[PDB]
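Trainee: Please find one structure pasted underneath; my questions will follow.
Only the coordinates and a few stated rules stand behind these numbers; no lab work does. Quick reminder, even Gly has a Cβ in these numbers, built from the backbone with ideal geometry, and neighbours come from all protein chains shown.
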Amino acid sequence: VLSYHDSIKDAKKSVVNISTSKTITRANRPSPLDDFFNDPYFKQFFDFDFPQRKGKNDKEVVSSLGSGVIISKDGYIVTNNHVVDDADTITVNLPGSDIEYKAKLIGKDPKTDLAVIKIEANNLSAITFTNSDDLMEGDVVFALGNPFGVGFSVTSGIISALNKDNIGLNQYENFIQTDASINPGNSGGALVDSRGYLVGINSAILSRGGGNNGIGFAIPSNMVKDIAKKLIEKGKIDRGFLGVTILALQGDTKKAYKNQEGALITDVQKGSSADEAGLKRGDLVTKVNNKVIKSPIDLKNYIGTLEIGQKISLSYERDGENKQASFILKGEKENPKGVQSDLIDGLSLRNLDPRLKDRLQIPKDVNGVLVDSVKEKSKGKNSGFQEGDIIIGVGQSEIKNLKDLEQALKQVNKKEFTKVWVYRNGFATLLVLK
Amino acid sequence: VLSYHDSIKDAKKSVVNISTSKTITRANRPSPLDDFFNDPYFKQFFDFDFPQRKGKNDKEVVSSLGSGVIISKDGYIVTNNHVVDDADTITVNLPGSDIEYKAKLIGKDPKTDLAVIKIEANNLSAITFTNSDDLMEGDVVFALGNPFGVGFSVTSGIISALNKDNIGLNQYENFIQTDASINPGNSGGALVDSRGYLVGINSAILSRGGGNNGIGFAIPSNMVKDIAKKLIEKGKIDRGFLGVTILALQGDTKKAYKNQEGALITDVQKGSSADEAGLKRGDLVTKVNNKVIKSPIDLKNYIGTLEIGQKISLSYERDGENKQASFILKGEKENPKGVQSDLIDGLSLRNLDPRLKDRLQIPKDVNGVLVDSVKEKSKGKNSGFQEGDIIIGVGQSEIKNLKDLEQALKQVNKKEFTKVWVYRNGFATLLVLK
Amino acid sequence: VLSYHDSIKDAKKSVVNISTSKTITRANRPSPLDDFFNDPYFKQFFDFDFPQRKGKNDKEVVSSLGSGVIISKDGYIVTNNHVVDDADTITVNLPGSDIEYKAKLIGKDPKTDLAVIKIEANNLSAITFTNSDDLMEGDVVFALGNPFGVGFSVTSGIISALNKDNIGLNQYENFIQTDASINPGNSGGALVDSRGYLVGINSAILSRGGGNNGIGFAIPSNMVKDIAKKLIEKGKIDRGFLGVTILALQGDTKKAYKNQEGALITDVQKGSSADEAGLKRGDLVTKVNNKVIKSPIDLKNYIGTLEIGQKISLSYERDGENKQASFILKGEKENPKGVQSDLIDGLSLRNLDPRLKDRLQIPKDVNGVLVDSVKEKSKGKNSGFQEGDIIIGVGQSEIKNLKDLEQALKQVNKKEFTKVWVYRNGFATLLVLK
């Protein structure tokens, strides 16, 4: 007979079930979903009244169930922090040895949502940690933990997606997808490859009944490697940022922003390291000295893997022109004021109640800002806006003064183009600014 | 590592994702269901507030999200018709080249629910369009497209049921069925064999919330291959009929109707191409010039795949002889009228309120139709019916006259046997009319 | 092509579909859930309005729908009891033969919820009954029958859990699990190995949507093998017991109760075949002559595969010493009463309201039981309990007299340690009795 138990024999020696007595399970508390209340038996079941009364799965209310992986022979375990929030007596149960000591939280971060914990025994297994990004889609894998109280279990699968954020279960995310039947209680148990080496970790699943419908998510194993090291070596993680807001370059933005390529600065968050290194609006982020940028979630989760105060000679372009300049890693809590202008670009413009005829007898249609002149480079002249125009609406939405221009012009480096409405000598026309 | 990415590889460049901008998304409007309503975040998620705001999945109410297949190098895409119903500005994402043109809707048919659509670029992919019906159950397949908007993501699995109607997603059906995980947004997307060739087109799934639960359905490629052609040729498909209600031959119906075999005409829609070809009731449809019949979904779907005014020399049998005249392909809209028979054949029956003693003083029990003669070949004569009985009942249901008699004696060829109740020279028997 | 249709050929030849017609479907009536209602179509769909009307799958209100297996060439089929509860006119549709007879129920046992039924024809197949316990996690299998009324469909998978109770669908349980997708109506249908031999029988599935979401459940084929012989033999099965209460030995029980290894008797159910074989409380059950015990679910389900009145020369131990004596298979309804001592072991206690100064005026903290002596072996003197104490409560719970004392000192053999509350000359201590 062919079986792939052969992974399953050793994989349990690393992948723990977790017993988790906590006086406060208030982070891993269910939200007001209309679930199997009114006849709640053993947790995460569905069946009717059956003879085995309470005791088997109950403690999840003033304790928690979960899974973890012992990363090193030092007996340091990893699991998801929602599983280990309020870490009093985080008892474990290792399938393949049945041992039941308290574990000692060494350190956590709720942003990456991850923890490292010393279990107090010796001759504890490590895990062959390998790289989550040698993967292709279609690669075979085994995903592991204790699903919904059955005991320790493993489901055979393939990858069906790579390196996915837009998920934000907490704050920093790069998930990889398998089709494998996995549940909560596999919360912190592993995803290994077909050779039984560590490639990601389970936490959560897109599905309708909490148990799998095709769409299991693992964290990267490379992510947890450096995350665990930072949670060991100071007992937490400490990020800054480049003090920024960011998007990806979109296809129509690209030609409109003169066919440079990288992540779109939306707004540089003033006087942070971005600004001081001379990054601006209409610029694009291209590369960290270790890591390549195209998207907003690239810088976010790369900085979810960098620490305080080190300088970074980051590469960036504007228009057609690259610089590499020197930026301190400066967070949201780290920013001291700065400049940007790129559809207010030599716009000499000012407030009105103008001194000419004739339109009508209401300020509604004539407060805004009047154009003194328009720089040749400004996307306005690309697009047919001229000196002696009057701006009344900016992205269809209307304005009364310079403040409410400069507020909508601070949202333009978030628009491929702008639907301005510009009154002239007599009529208001519609333009398409890029 | 063994990975069947190799299919995945070229199937993205044929199996499209759809930026289906249309202003009336109201033919695929969500049914009034208790889903994740009042607080739905991104469409087709389950989740509580995560850091990423709106801007990734929301457009599906003034657009749609889907998948399709470029069949020939013309760039003739096919997808579901319901994805493109009201087809205004249907623009594309071709996974792996990102080409955001609109496509011309060349034509759509809402009975099969499929449409042919020219994408206005070049070097656009064929697909290797093999037979769905050379498939057996257990054969290995991949399942393709974009599930719930996660982007282009594939699965692989096996066939667990074949060549099926009784699903009624539209008006013409013959789906084949896999375990592999597929959701909404794979709507119109491919099912390819282990070798990478098109054996079917995914349109729906038997699940409990739209994430796959082992039961996904793809239209056979061989039906889409003649659908797409009739829609390339004139922008629509025109289907006929034989003018004939139809069923499968049930098991006692074989032995009652003397051991013929074929699809059971339940009642002829009168004087049609069936009737003028000799097809009556008590008759069984066996074969179209090209296609073999035992059930009514055979004749239905074979007519689905044929167009008007041609003469089909179809074969049928009655009692114990098989005949071969010729039928026009004549619609429900097309049918002159007709002759019927069965359990009234050469019977002589007329109305009553009788002139003999005795019974009772209420008409409920004695109105009906009386029996002058019963033909010897007739089913009544198989089954305990006599001359000088009075029919009161025609299958546990009662009659006041010839009309409600001859109406149930139209429904007797929807029966294996009939429970007539028949008042005799003094008492009401009950009988078994094979 | 590689496909495992090879087993799917001869499996259908024994794995029946059933059209279980009876007037009383009132055991397999739906329970009040928010499953689909007010809008039903065909049973176990989810789908909106389809052009295939009532007639396909209504009947399971006034019939059952299920699966089974023809065991032997004698025509003897095996299925759930709940499928044939009130076996009126149990009609069959064996796939690939269609022989629409009634079957004759030979016998049933609701306890295992298993049947044996004769189908009344000739040349009927068998099934290759192999061992369910030469088995392992991860071996390849197939799961079979009628998944929601479709015909004969088969899925394929790997074993994900072994020999289990705590599922409780009836009264006796030793199920095995695989991921492979099975629905009610596979009720009574099979699980066969990768060579086509019978290893398991699916009854139900711990799903979220009633169709399989990952967690099917097969009673072992070596359990239904002898069950079937006891059902052929006489139409029913006869279960005794050994007239007892049992649990598995907990780890700190192990160490307190002197490091013996078996199933923990919790309370001997008094003058059974246990007590009159010398078996006591705090004695561990090690081996039945044919079946080795470590848990209660052992002895339960071994009784679940054993008949009346035979004498069973069973192994038990006390503290460090093994005995083997003989035990009749005596029911819950078969036991003359009784011998009982454990943390009352030499405890010479009596009722009080006691004649010394001073404490308080309310009886609430001084009614209880006074301790005249404590024998040296008592887990009391292992743990701090002395003579002249006063027991006021036994594991937090307060006692008023000898009767309430002894109710709780009967349940201590359901504990590893007890937190007795014992008043002394002036104060009350809490203790930890092992």
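Trainee: Within the set of pairs 6 or more residues apart or between chains, which connect a residue that is at the interface with another protein chain (Cβ under 8 Å from one of its Cβ atoms) inside region A:26-53 to a residue that is assigned to a loop (DSSP other than H, G, I, E, B) and loosely packed, with under 10 Cβ neighbours inside 10 Å with Cβ atoms less than 7 Å apart?
Mentor: Pairs that qualify, where the first residue is at the interface with another protein chain (Cβ under 8 Å from one of its Cβ atoms) and the partner is assigned to a loop (DSSP other than H, G, I, E, B) and loosely packed, with under 10 Cβ neighbours inside 10 Å, are A:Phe48/C:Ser31.
Trainee: Which condition does A:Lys236 not pass, out of (1) buried (at least 17 other Cβ atoms within 10 Å of the Cβ); (2) in contact with a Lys or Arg (Cβ under 8 Å, 6 or more places away or on another chain), if it passes all the others?
Mentor: Status for A:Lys236: all satisfied but (1).
Trainee: Can we say A:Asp39 is assigned to a loop (DSSP other than H, G, I, E, B) and either basic (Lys, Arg) or over 33 Å from the mean Cα position of the chain (by Cα) (or both)?
Mentor: Yes; evaluated as a whole, the condition is true for this residue.
Trainee: Among the residues of region A:87-98, is any under 26 Å from the mean Cα position of the chain (by Cα) and touching a residue at least 12 places away in the same chain (Cβ under 8 Å)?
Mentor: Checking region A:87-98: at least one residue is under 26 Å from the mean Cα position of the chain (by Cα) and touching a residue at least 12 places away in the same chain (Cβ under 8 Å).
Trainee: Same structure, new question: Among the residues of region A:138-153, which ones are within 13 Å of chain B (Cβ to nearest Cβ) and among the aliphatic types (A, V, I, L, M)?
Mentor: A:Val140, A:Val141
Trainee: Given the condition within 14 Å of another protein chain (Cβ to nearest Cβ), part of a helix (DSSP H, G or I) and out of contact with any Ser or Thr (no Cβ under 6 Å at 6 or more places or on another chain), answer yes or no: does some residue in region B:82-92 qualify?
Mentor: Within region B:82-92, one or more residues are within 14 Å of another protein chain (Cβ to nearest Cβ), part of a helix (DSSP H, G or I) and out of contact with any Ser or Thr (no Cβ under 6 Å at 6 or more places or on another chain).
Trainee: Further question: For the subset of region A:159-200 comprising residues that are part of a strand (DSSP E or B), of a type in the set (S, T, N, Q) and buried (at least 22 other Cβ atoms within 10 Å of the Cβ), which member is farthest from the other protein chains (Cβ to nearest Cβ)?
Mentor: Checking each candidate, the answer is A:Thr178.
Trainee: Does region C:128-145 contain at least one residue that is buried (at least 20 other Cβ atoms within 10 Å of the Cβ) and out of contact with any strand residue (DSSP E or B) (no Cβ under 7 Å at 6 or more places or on another chain)?
Mentor: no
Trainee: Collect the residues in region C:1-56 that are surrounded by 12 or more Cβ atoms within 10 Å (Cβ to Cβ), in contact with a strand residue (DSSP E or B) (Cβ under 9 Å, 6 or more places away or on another chain) and farther than 26 Å from C:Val84 by Cβ, keeping them in residue-number order.
Mentor: Passing the criteria: C:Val1, C:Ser3, C:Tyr4, C:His5, C:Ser7, C:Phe46, C:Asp47.
Trainee: Something else: Can you give me the number of residues within region B:1-25 that are assigned to a loop (DSSP other than H, G, I, E, B) and in contact (Cβ under 8 Å) with a residue 24 or more places away in the chain?
Mentor: 10
Trainee: A further question follows. Considering only residues that are part of a loop (DSSP other than H, G, I, E, B) and farther than 29 Å from A:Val192 by Cα, look in region A:57-78 and name the one that is nearest to the other protein chains (Cβ to nearest Cβ).
Mentor: A:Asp58
Trainee: Considering only region C:393-434, state which residues are β-branched (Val, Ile, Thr), part of a strand (DSSP E or B) and closer than 23 Å to C:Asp267 by Cα.
Mentor: Hits for region C:393-434 are C:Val394, C:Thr418, C:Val420.
Condition check ((1) small (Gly, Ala, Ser); (2) surrounded by fewer than 20 Cβ atoms within 10 Å (Cβ to Cβ)) across all residues:
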{"position": "C:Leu264", "(1), (2)": "no, no"}
{"position": "C:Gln269", "(1), (2)": "no, no"}
{"position": "C:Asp275", "(1), (2)": "no, no"}
{"position": "C:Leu279", "(1), (2)": "no, no"}
{"position": "C:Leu314", "(1), (2)": "no, no"}
{"position": "C:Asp319", "(1), (2)": "no, yes"}
{"position": "C:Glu334", "(1), (2)": "no, yes"}
{"position": "C:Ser341", "(1), (2)": "yes, yes"}
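Trainee: Next up: Among the residues of region B:309-350, how many are of a type in the set (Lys, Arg), part of a loop (DSSP other than H, G, I, E, B) and in contact with a strand residue (DSSP E or B) (Cβ under 8 Å, 6 or more places away or on another chain)?
Mentor: Residues meeting the conditions: 0.
Trainee: Further question on the same structure: Take region B:100-133 and flag every residue that is among the hydrophobic types (A, V, I, L, M, F, W, C), within 22 Å of B:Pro220 (Cα to Cα) and in a loop (DSSP other than H, G, I, E, B).
Mentor: Across region B:100-133, the qualifying residues are B:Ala126, B:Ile127, B:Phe129.
Trainee: On to the next question. Could you look through region B:282-308, keep only residues that are of a type in the set (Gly, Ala, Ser) and over 11 Å from the mean Cα position of the chain (by Cα), and pick out the one that is farthest from B:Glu332 (Cα to Cα)?
Mentor: My answer is B:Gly282.
Trainee: Among B:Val62, B:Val16, B:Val84, B:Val1, which is more than 30 Å from A:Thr253 (Cβ to Cβ) and β-branched (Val, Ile, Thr)?
Mentor: Checking each option against the conditions leaves just B:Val1.
Trainee: Among the listed residues C:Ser207, C:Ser203, C:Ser156, identify the single one that is within 12 Å of chain A (Cβ to nearest Cβ), hydroxyl-bearing (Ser, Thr, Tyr), over 27 Å from C:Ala248 (Cβ atoms) and in a strand (DSSP E or B).
Mentor: C:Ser156
Trainee: Which ones in region B:186-211 are more than 20 Å from B:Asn166 (Cβ to Cβ) and polar (S, T, N, Q)?
Mentor: Within region B:186-211, B:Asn186, B:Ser187, B:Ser194 qualify.
Trainee: Kindly provide the set of residues from region B:357-392 that are without any contact (Cβ under 8 Å) to a residue 40 or more places away in the chain, closer than 18 Å to B:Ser341 by Cα, polar (S, T, N, Q) and in a loop (DSSP other than H, G, I, E, B), ordered by number.
Mentor: Listed by number, the list holds a single entry, B:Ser378.
Trainee: Mind listing just one residue for me: the one in region C:93-107 that is touching a helix residue (DSSP H, G or I) at 6+ places or on another chain (Cβ under 7 Å) and closer than 30 Å to C:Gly240 by Cβ and, of those, nearest to the other protein chains (Cβ to nearest Cβ)?
Mentor: Per the stated criteria, the residue is C:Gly107.
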